[PDB]
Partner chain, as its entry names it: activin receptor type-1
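So this first bit is one chain, no partners, the form solved without the partner chain, shown in structure tokens.
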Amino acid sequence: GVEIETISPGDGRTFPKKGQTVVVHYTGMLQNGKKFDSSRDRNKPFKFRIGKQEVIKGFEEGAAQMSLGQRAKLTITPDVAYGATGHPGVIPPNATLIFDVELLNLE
């Protein structure tokens, strides 16, 4: 599943909803610390839509438990990421993924 370790609290009231556009900064790492993706390098927020299957399952599941202004470390098991196949490029089979995520806005 998804483990959430809070670095900075959100308001604890305002969470992502169906029909909303989620606006976040994120950085994705393997367990060994290596980066595979980021929004922070381009220095601009990344947007994705709840329920629209635009990101891996674990990432959305984690974000949906975050409130406005929260920054957290999401630990995501392979079965809700890329699983036994991994993905072309950095991500190997059975990769538990680490995401540094900040929930900036909901549009």
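Numbering follows the first chain given and starts at 1.
J.: What's the residue among 33, 69, 78, 62 with the greatest CA temperature factor in the PDB record?
T.: By C-alpha B-factor in the record, 33 ranks first.
J.: Quick check on the deposited entry: does the C-alpha B-factor of residue 48 sit in the lowest, middle or highest third of its chain?
T.: Highest third - that is where residue 48 ends up once the chain's C-alpha B-factors are sorted.
J.: By its CA B factor, does residue 22 count among the lowest, middle or highest third of the modelled residues in the chain?
T.: It falls in the middle third of the chain.
J.: Grab the CA temperature factor for residue 2 from the record and place it in the lowest, middle or highest third of its chain.
T.: According to the entry, residue 2 has a C-alpha B-factor in the chain's middle third.
J.: Looking at the temperature factor on the CA atom of residue 89, which third of the chain's modelled residues does it land in?
T.: It falls in the top third of the chain.
J.: Ordered by C-alpha B-factor within the chain, which third holds residue 10? Give me lowest, middle or highest, please.
T.: Middle third by C-alpha B-factor.
A second form of this protein, the form solved in complex with the partner chain, is not displayed here; the remarks below concern that form.
J.: Even though the partner chain is not shown here, does it sit in the deposited complex so that 37, 49 and 55 each have a heavy atom within 4.5 Å?
T.: Answer is yes for this spot.
J.: May I ask you to state whether residue 20 is within 4.5 Å of the partner chain in the deposited complex, using heavy atom distances?
T.: Answer no; every heavy atom of residue 20 is more than 4.5 Å from the partner chain in the deposited complex.
J.: Using the partner position in the deposited complex, report whether residue 96 sits within 4.5 Å of the partner chain, counting heavy atoms only.
T.: No - in the deposited complex, heavy atoms of residue 96 and the partner chain never come within 4.5 Å of each other.
J.: State yes or no: in the deposited complex, is some non-hydrogen atom of residue 14 no more than 4.5 angstroms from a non-hydrogen atom of the partner chain?
T.: No.
J.: Can you work out whether residue 86 and the partner chain are in contact in the deposited complex, taking contact to mean some heavy atom pair no more than 4.5 Å apart?
T.: Yes.
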